[PDB]
Amino acid sequence: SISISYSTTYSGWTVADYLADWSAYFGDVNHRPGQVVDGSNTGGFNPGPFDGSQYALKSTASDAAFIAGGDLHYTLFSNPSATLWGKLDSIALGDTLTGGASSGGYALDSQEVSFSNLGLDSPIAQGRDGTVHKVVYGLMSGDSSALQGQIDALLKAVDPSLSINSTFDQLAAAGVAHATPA
Ligand code: HEM
């Protein structure tokens with residue numbers, strides 16, 4: 001089942017409120033035609049350049065960052081163009097991104113919340129409609145709606161009383177989350 005880690009700072013927050021606020025603050029990096037700048041708003045892959053076990057992106061407007069983990073592939077200009085696909089296992093949110101391919105991986109100096117065992121599986125043929133693409137491109141764009149919807153489904157699968165409107169502490173009591181030190 002989905003497994004959530006959260007700093008105790010967020011114990012009383014709903015998942016939805018946390019994600020709404022986190023993504024709004026992260027803010028759209030404007031990864032769109034005419035506006036992509038390598039090393040500014042592309043993010044990066046480990047080991048890369050366009051594939052790997054992690055994709056990570058910081059907002060330059062500020063040191064808020066996320067890391068997507070799994071088995072990821074980015075098509076770049078190849079058909080279907082500008083598609084992130086593959087297997088998405090985890091999303092970690094926080095700030096102060098560190099590492100990269102030259103370090104052997106990415107990490108957050110302050111990891112606030114992670115969602116693991118997401119089980120998202122998107123074939124290349126689905127293109128930009130795939131769930132992996134929607135989740136991650138959403139986050140790049142300051143929009144956690146797609147992530148929220150996938151988490152909500154995973155929580156309901158455990159029990160229909162559980163949802164993104166549960167608090168992190170409620171989810172811990174329900175067996176799907178654990179707290180970490182603030
Ligand atoms: C190493 C990381 C990446 C690089 C270097 C990169 C590079 C690019 C480039 C060069 C463009 C075209 C810019 C232009 O037309 O002027 C682009 C567009 C785009 N990229 Fe990325 N990208 C990266 C990661 C991602 C990821 C992870 C996603 C999805 C989750 C993504 C989604 C898109 C989308 C949706 C567009 C717009 C495509 C269009 O409107 O036709 N990119 N990217």
Side-chain angles (χ1 to χ4, degrees), residues 2 15-16 18-109 111-154 164:
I2 188 172
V15 178
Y18 175 86
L19 288 176
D21 287 5
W22 187 89
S23 281
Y25 189 82
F26 175 90
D28 188 354
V29 306
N30 304 322
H31 188 105
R32 286 192 294 280
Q35 293 189 69
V36 174
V37 178
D38 198 13
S40 171
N41 68 350
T42 53
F45 287 91
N46 174 42
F50 304 111
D51 302 87
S53 57
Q54 298 171 308
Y55 171 75
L57 175 65
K58 68 181 160 184
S59 167
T60 39
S62 98
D63 77 351
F66 69 87
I67 306 171
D71 177 12
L72 296 171
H73 302 289
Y74 181 62
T75 65
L76 191 68
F77 310 135
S78 305
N79 180 251
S81 69
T83 294
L84 180 75
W85 64 284
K87 314 290 197 183
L88 180 65
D89 174 64
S90 62
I91 294 288
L93 306 174
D95 62 52
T96 316
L97 186 64
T98 69
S102 70
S103 299
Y106 290 104
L108 296 164
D109 269 355
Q111 182 173 297
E112 293 174 8
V113 174
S114 69
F115 306 89
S116 297
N117 304 333
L118 295 174
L120 299 171
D121 188 357
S122 296
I124 195 177
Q126 289 181 201
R128 301 185 201 145
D129 301 308
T131 59
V132 169
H133 183 93
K134 290 286 190 185
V135 166
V136 177
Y137 192 64
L139 294 171
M140 296 169 69
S141 302
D143 186 351
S144 64
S145 300
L147 177 60
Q148 286 181 53
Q150 297 303 312
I151 293 164
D152 213 15
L154 285 158
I164 60 179

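In listed order, ligands and their atoms are each counted from 1. Residue numbers count from 1 along this sequence. Hydrogens, waters and symmetry mates are skipped; everything else that's a heavy atom, side chains included, is used.
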For this session: Report the distance from atom CG of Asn30 to atom CE of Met140, rounding to the nearest 0.5 Å.
Result: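 So the CG of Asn30 and the CE of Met140 are separated by 10.5 Å.
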For this session: State the CG-CG distance between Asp121 and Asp89, to the nearest 0.5 angstrom.
Result: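 Output value for this atom pair is 12.0 Å.
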For this session: List the steps, then state whether side-chain contact (heavy atoms from CB on, under 4.5 Å) holds for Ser23 with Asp143.
Result: CA-CA 6 Å; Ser23 281; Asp143 186 351; 6.0 Å; no
Exercise. What is the ring orientation for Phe66 with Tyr55, classed by angle as parallel under 30°, tilted 30 to 60°, or perpendicular over 60°?
Worked result: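 Taking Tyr55 first and then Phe66, their aromatic rings sit tilted (interplane angle of 30° to 60°).
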Exercise. Relative to the ring of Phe45, is the ring of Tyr74 parallel (under 30°), tilted (30 to 60°) or perpendicular (over 60°)?
Worked result: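 Rings of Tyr74 and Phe45: parallel, as their planes differ by under 30°.
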Problem set entry | Donor-acceptor contact below 3.5 Å, side chain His31 vs main chain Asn41 |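 Present.
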What does the contact table look like for ligand 1 (nitrogen or oxygen on each side, cut-off under 3.5 Å)?
from: ligand 1; atom 1: 16 (O); to: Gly34; atom 2: N; distance (Å): 3.0
from: ligand 1; atom 1: 20 (N); to: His31; atom 2: NE2; distance (Å): 2.9
from: ligand 1; atom 1: 20 (N); to: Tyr74; atom 2: OH; distance (Å): 2.8
from: ligand 1; atom 1: 22 (N); to: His31; atom 2: NE2; distance (Å): 2.9
from: ligand 1; atom 1: 22 (N); to: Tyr74; atom 2: OH; distance (Å): 3.0
from: ligand 1; atom 1: 41 (O); to: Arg128; atom 2: NH2; distance (Å): 3.2
from: ligand 1; atom 1: 42 (N); to: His31; atom 2: NE2; distance (Å): 2.8
from: ligand 1; atom 1: 42 (N); to: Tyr74; atom 2: OH; distance (Å): 2.9
from: ligand 1; atom 1: 43 (N); to: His31; atom 2: NE2; distance (Å): 2.9
from: ligand 1; atom 1: 43 (N); to: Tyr74; atom 2: OH; distance (Å): 2.9

